Number of protein chains: 2
Amino acid sequence: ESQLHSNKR
Amino acid sequence: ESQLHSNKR
């Protein structure tokens, strides 16, 4: 989820 | 995003 919440927007 | 927030944990 790291990656995803790095994606963020 | 719904489709992934769907995965919440």
# chains A, B, ... in the order shown; residues from 1 in each chain; ligands from 1

call {"tool": "select_by_dssp", "arguments": {"residues": "chain B", "states": "helix (DSSP H, G or I)", "output": "list in words"}}
result
residues 2, 3, 4 and 5 of chain B

call {"tool": "write_last_selection", "arguments": {"atoms": "N, CA, C and O atoms", "output": "PDB file, in the first residue's frame"}}
result
ATOM      1  N   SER B   2     -12.928   3.763  -5.099  1.00  0.00           N
ATOM      2  CA  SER B   2     -13.910   2.814  -4.537  1.00  0.00           C
ATOM      3  C   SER B   2     -13.503   1.356  -4.629  1.00  0.00           C
ATOM      4  O   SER B   2     -13.464   0.650  -3.628  1.00  0.00           O
ATOM      5  N   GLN B   3     -13.172   0.923  -5.863  1.00  0.00           N
ATOM      6  CA  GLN B   3     -12.771  -0.467  -6.175  1.00  0.00           C
ATOM      7  C   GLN B   3     -11.563  -1.006  -5.440  1.00  0.00           C
ATOM      8  O   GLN B   3     -11.377  -2.214  -5.329  1.00  0.00           O
ATOM      9  N   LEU B   4     -10.742  -0.074  -4.940  1.00  0.00           N
ATOM     10  CA  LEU B   4      -9.577  -0.380  -4.081  1.00  0.00           C
ATOM     11  C   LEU B   4      -9.728  -0.056  -2.624  1.00  0.00           C
ATOM     12  O   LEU B   4      -9.302  -0.813  -1.760  1.00  0.00           O
ATOM     13  N   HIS B   5     -10.393   1.063  -2.350  1.00  0.00           N
ATOM     14  CA  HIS B   5     -10.847   1.319  -0.964  1.00  0.00           C
ATOM     15  C   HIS B   5     -11.734   0.212  -0.446  1.00  0.00           C
ATOM     16  O   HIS B   5     -11.690  -0.132   0.728  1.00  0.00           O
TER      17      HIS B   5
END
